[PDB]
Structures are given as C-alpha cells and as structure tokens.
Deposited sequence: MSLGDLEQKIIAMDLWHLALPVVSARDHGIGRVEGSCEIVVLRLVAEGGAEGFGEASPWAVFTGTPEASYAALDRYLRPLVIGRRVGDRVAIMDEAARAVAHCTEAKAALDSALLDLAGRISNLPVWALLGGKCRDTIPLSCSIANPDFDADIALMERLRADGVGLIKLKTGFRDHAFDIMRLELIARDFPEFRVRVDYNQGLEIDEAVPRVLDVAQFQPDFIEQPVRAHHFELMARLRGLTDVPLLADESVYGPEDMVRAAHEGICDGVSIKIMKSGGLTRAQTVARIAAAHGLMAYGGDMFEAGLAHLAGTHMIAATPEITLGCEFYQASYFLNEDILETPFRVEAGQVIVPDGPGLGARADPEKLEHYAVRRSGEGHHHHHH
C-alpha cells in the first residue's frame, strides 16, 4: 500500500433508460480502482460540478499520494472543494477499490468485515404511467423482489392514493415504502402525509424540503408510521443536528450524500445511538455505485431496512459493469472478490461518454 497513485481518468456518461461521472485511479503497480458519482442536479449537485471537482480540484491532491493514506486524502478532499459529495464518494470508492485490488481483499474487508452476505432489494415505483409500473411489479414479483418504494408527491394526491390501493389489492406480496422526495409544499404536507400514513407503509421518506427541520419534527409527531429523513441529512454533522431536533425516526443513508463509505457508516452509527433506524438509499446510479453501497452496507449492521440498488437491474437500458450486478431471489449479493467485485467496461465508458 506504499504504492503511489500515478493516474486519474474520468468519464461523464449519459446512460439510456441518466448521467454519472466515473473515476479510475491507477497505482504504480498497475492495479486500478473504480468509483462512481451519481449527481442529482436539483439536490446534490450537477454532473459538471462533480466532474470539475475531481478533474481540477482533487486530482492534485490524489496524484502522487500513497494508496494507504486514504484517510488523510479524504480528510483533505472534503476541505479541498465545496459540496460535490458525489465526487468525494467516487474518490473514496476508487481508493478502496484500488486498495482492495492491491491487497486482494473485498472492499467490505477494508470497512471492518461483513455482517450479512445478502441485502433485501427494494425497487422504486415512480412512473407517471402507472400501467407501465404494474407490468414492472409483475416482473418484480416474479424475480422474487419483496420490497417496493412508491415515489409520491410528483402529481396530485389522488394519484398517490390510487396506486397504494391497487398495490394493496393486486400486489400484497410486497412490503411498501413511500418517498416524497421533498416534493410537498408547506400547505399540503400534513393532510397528504396523514392520508398516506393510513396505508401503513413501512416508512414515509422526506415529505418536505431538506431545510424544514421544524416541520419534519412536527410531521413525525402526527402518526406512528416511521418518518425517514433523506435530503435533510447528508453526513454525521447533519445527523447530529437531525437527532437533536428529533426530525425523524430513521434515515436514508447514501454514499453520494455522505461523500464516502466511512462517513456513511458514521451516520448509521450515530442514528443507532439515538434509537433511530437506517436504510440503504441510493441516487440514480449505475452498478459501480451499487457495488460501493453494497460493500458499505455489508459492513454496517445498523442499516437494517434493506437497500434500493435497483437501477442497474430495472432502470438502466444497460449497465456499465463487465459482469452483471448480482441480485438473486430479490436479494443483492455481497461480492467477496478483490476490490468492488467488478470492473467497469472501458468500451461502455467510451461509448456512453459525452465528455472524458
């Protein structure tokens, strides 16, 4: 691990169904590490921002550094550029993937070990054309997927209720989660949440804008259905604040928000210390990001509500991995191979790139 990182390559991809930024690091010894940043322009930041963060601001910080100084590198990285937690997460992933390759260890082994070999998978239901999702749900049920998360709030309230009712009638096999993606306005939050809570989903995710800690805390006191914070919490700092103000019953943890795998674990551990639950959320990512999140969760017993790394299997027309992101009988398979467990395909990276 005394080896020096000698190169940094980047790709700004546009995947048919979704833009992401892929990073590759190369050590003196020839080993390579991959990492993905999956920005959501309106929430975490743009792909351009993360591309620049890596290409111009973090590059000088990483090139020439020893693979083993990851802790120092990530500490400096957080301060070297503002935001771009997706880019920071990509760097951490590549650093870990690289160290894992060098030492011949899976990433979870560099995160403390593993506590689970599989992770329950959840697929989101967010199509404005519900008939298309019904067909999707038929397939999900057939594939053994047992969890689904209804994206709510993007249309009228009636549209949300309609779907919950049909799901309960024709797809009772699934456990159902709900996610508003900060979608509701102040004047409609309470009545819409209270109505949806009647359906008793496993949890309702972030009904209002991230900065609405007061309102989130109030919504939490309205029903016994768990209220999960997502956009309101990125890292440990926000988690401490969220816990203090009692804005949620649990949190959706994403490496793209925490800016790294360790910071993601810290969020989960702080949530647990406050008696709050944790879920493996994700952004609109590809298989590389899925693998990074999978290794993180495999080493974090505190995240018990499953994960939602469903895009590579049900959203993207084609993924960027050389080998399919492994999911069997509705469960994500924790890889045990070196590094992340799969390489990104250069040809696909070259083909789908809009910039590199």
| item | value |
| --- | --- |
| Missing CA stretches, deposited numbering from 1, N-terminus first | 1 to 5, 23 to 36, 376 to 385 |
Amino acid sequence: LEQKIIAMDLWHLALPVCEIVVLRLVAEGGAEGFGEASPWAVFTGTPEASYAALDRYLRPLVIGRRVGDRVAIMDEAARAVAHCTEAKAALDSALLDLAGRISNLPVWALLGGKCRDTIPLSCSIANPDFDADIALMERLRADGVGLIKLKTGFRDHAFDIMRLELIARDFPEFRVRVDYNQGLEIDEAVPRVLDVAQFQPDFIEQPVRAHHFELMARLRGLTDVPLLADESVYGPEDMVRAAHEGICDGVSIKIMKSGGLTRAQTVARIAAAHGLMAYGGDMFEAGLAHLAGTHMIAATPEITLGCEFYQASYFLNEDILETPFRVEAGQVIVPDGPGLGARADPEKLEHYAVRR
From here on, numbers count along this sequence of modelled residues.
item	value
Entry-level comparison of average CA B-factors, 142 to 150 and 233 to 241, reporting the higher stretch	142 to 150
Comparing 30 to 38 with 301 to 309, the one whose average Cα B-factor in the PDB entry is higher	30 to 38
Chain-relative CA temperature factor third for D97	middle
Within-chain third of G293 by Cα B-factor, per the entry	lowest
Cα B factor band for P226 (lowest, middle or highest third within the chain)	lowest
Chain third (lowest, middle, highest) by recorded CA B-factor, residue given as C123	middle
Third of the chain, ranked by Cα B-factor, where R163 sits	middle
